[PDB]
Structures are given as structure tokens and as C-alpha cells.
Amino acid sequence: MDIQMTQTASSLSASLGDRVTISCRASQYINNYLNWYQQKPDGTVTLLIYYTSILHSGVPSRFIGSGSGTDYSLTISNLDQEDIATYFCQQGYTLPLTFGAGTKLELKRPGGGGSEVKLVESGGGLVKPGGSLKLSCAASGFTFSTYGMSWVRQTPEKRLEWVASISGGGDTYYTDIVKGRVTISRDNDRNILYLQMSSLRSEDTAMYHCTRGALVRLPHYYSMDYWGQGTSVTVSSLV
């Protein structure tokens, strides 16, 4: 059965300089294979922490990841304007890869927020149910052929859903609800990742992000260490 990730709070209210802890619970043991992502108000997603407690590049030591078993926490000290964002946990222990629903950090007053691997998605658009699209992701700034790559979509309700992954060697993995309706593929000469989509359904409407997989532990524990800005797919009988 799929591992469900629960973030009980959807938003926490705090003041600048405060310390806040965001909880994440897995429905099953996940061997500390837990990643945290930060999504800024403008939609930009970055990796924050991988393997429960290890900071991604650029991330300041004010972020502390902890936990074990099924219970995990992200503690942010000395809360800064740039931390006003939504935080998502994600287990990478078994397929399908699954995400919590997100916890936003907000300030007591309204408002808040502040600010070489490149991934650029294209090919989204509007189609009727039963239609088809092909998404592309142009990658640069790294040796593309050595990395696993994935597609992750964010629904209009703001849920992150892993769609598909492809290993450096070309093995493919999909979430059940898209199997037989999408195909992930890659061109290691042009450094492009693709998602062919057939028989689209209204519930495929989402922003589709290309992500680079970084292998954390063999055989297949990955973090999604860089994310594109996304390409938007809208499926509606009103098209």
C-alpha cells in the first residue's frame, strides 16, 4: 500500500526571529529516507534537506531536520523573510514516491517573503479529455546522462505528485495512476527529458516540473536536488 505522508498543520504563524517546527509523519517505516522541499510564494521549488538531516547546497544551518521511524520534523531557527514559503516532506523509501500536503510559514502581520544547474520545461497547453501532449525539459549545467531524472506535478490544489522517473541507464518507473497513459524518455545527446502524455484526463491538470535525481543511497534512494519552473497542463471539456 502506498506510504501516506501527513503534515498535520497547513500553516504556522510566527514572528521574525522565532523558532518553528513543522511535523511530518509517514504511515509506515521509511528508514530515514525523508526529503524536505521549500516552495517560495512565486512557485519556485528547491531541495532543502535530504536523508532526514543533510542540508542541500546553499541552505543555511538555521534549518535542522530530525526524526526516525515514522515521525519527522523540520525546525527553522531565527525565522527570516526568505523562509516565508511552503514546506513539503517526501519519502523516497518505496514507490510510489509520496509527498506531504505542505505546511506554510506565515508572519503575524499579513505579507512576507524574499529571495549552474538549469532545467527548462516546455510543451504544456490546453487539451480536452482524451487529448495528448508531449512535454520537454531542456537540461544544462551538469552531465545530464549520469543523473536520474523525474517528472513531478503540482495539482491546482497545490499537492505534489510524483509522475515518473528514468534512471541514467534508461530504466523507467511510474505512479500507478498514470501507467499506460504517459511515457518518460530521455535524449542523452541533446540533454532533453520528455514526457509523452496520451488519453489525458481532467485530473491530469497540473504544473509539470522536471527534476534532477541525486542518488543518496544505493540501490535507489534519491533526492530531487534541482527543479525546473514547470510547464502547465490544463485538461478540460471546456477546451
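Residue numbers here begin at 1 and follow the sequence given.
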Looking at the deposited sequence, how many residues between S115 and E116 were given no coordinates in the entry: none, 1 to 3, 4 to 9, or 10 or more? 10 or more
According to the deposited model, is the average Cα temperature factor higher in 122 to 130 or in 76 to 84? 122 to 130
Pick between 195 to 203 and 38 to 46: the one whose mean CA B-factor in the entry is higher. 195 to 203
Top Cα B factor in the deposited entry, candidates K179, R212, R190, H209: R190
Return the residue from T52, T172, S61, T175 that has the highest Cα B-factor in the entry. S61
Compared with the other modelled residues in the chain, in which third is the CA B-factor of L135? middle
Grab the CA temperature factor for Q229 from the record and place it in the lowest, middle or highest third of its chain. highest
Record-listed C-alpha B factor of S237: chain third: highest
Taking the entry's C-alpha B-factors for this chain, is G148 in the lowest, middle or highest third? middle
How does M5 rank on Cα B-factor within its chain, lowest, middle or highest third? lowest
